[PDB]
Amino acid sequence: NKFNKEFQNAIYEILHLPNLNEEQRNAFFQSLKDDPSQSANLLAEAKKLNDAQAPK
Amino acid sequence: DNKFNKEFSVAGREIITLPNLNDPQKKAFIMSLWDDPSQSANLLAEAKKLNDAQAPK
């Protein structure tokens, strides 16, 4: 538990989300590295993107 | 030194979809991989052996 909870959760959940493409995942991970304070914003963004990309 | 190494996404997706790991195991492998993605082959081999050892019987 040395990591910030929101940081670790964003990494795990962005890896877990099934409807992100690979480029989107990699972009979220680079953004997390760029600015870890943005972890909760980035997770919320990734979840909205995931839900917008469910197969029809 | 802050560039993201996309090897993390590839090996990370392989670990996180191993069906028999528990959540603490997945999370610890993933954070180890995040800290050094160059270790992907070693971590995947460890994770896959654990996944087998914990397969349903």
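Below, all heavy atoms of this structure are taken into account, side chains as well, without hydrogens, waters or symmetry copies. To find a chain, count down the sequence lines: A is the first, B the second, and so on, and within it residues start at 1.
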Exercise: identify the closest heavy-atom pair between [X] and [Y]:
| X | Y | answer |
| --- | --- | --- |
| A:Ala46 | A:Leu20 | O-CD2, 3.8 Å |
| A:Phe28 | A:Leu42 | CE2-O, 3.7 Å |
| B:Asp35 | A:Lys2 | OD2-NZ, 3.7 Å |
| B:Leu33 | B:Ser40 | CD1-CA, 3.7 Å |

Could you state the interatomic distance from [atom1] ([X]) to [atom2] ([Y]), rounded to the nearest 0.5 Å?
| X | Y | atom1 | atom2 | result |
| --- | --- | --- | --- | --- |
| A:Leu32 | A:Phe7 | CG | CZ | 6.0 Å |
| B:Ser38 | B:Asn5 | OG | CG | 8.0 Å |
| B:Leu44 | B:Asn51 | CG | CG | 11.5 Å |
| B:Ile15 | B:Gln25 | CD1 | CD | 11.5 Å |
| A:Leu49 | A:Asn21 | CG | CG | 7.5 Å |
| A:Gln24 | A:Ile14 | CD | CD1 | 11.0 Å |

Given side chains that start at C-beta, do those of [X] and [Y] come closer than 4.5 Å, heavy atoms only?
| X | Y | result |
| --- | --- | --- |
| B:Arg13 | A:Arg25 | yes |
| B:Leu18 | B:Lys26 | no |
| A:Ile11 | B:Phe8 | yes |
| B:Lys49 | B:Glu46 | no |
| A:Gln8 | B:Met31 | yes |

Practice prompt. Please say whether more than 12 non-hydrogen atoms of neighbouring residues, nucleotides or ligands are located less than 6.0 Å from CD in B:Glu7.
Written response: yes

Discussion item. Classify the ring geometry of B:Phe4 against A:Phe29: parallel below 30°, tilted from 30° to 60°, perpendicular beyond 60°.
Written reply: tilted

Discussion item. Between A:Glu6 (side chain only) and A:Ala40 (backbone N and O only), is there a donor and an acceptor less than 3.5 Å apart?
Written reply: no

Discussion item. Tell me whether B:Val10 shares a hydrophobic cluster with A:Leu15, the cluster being built from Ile, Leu, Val, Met, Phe, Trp, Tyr side chains joined at under 4.5 Å.
Written reply: no

Discussion item. Please tell me whether B:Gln39 and B:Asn42 have a donor and an acceptor in their side chains that are separated by less than 3.5 angstrom.
Written reply: no

Worksheet item: Distance only, no hydrogens: is a donor on one side chain within 3.5 Å (strictly under) of an acceptor on the other, for A:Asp34 and A:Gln30?
Response: yes

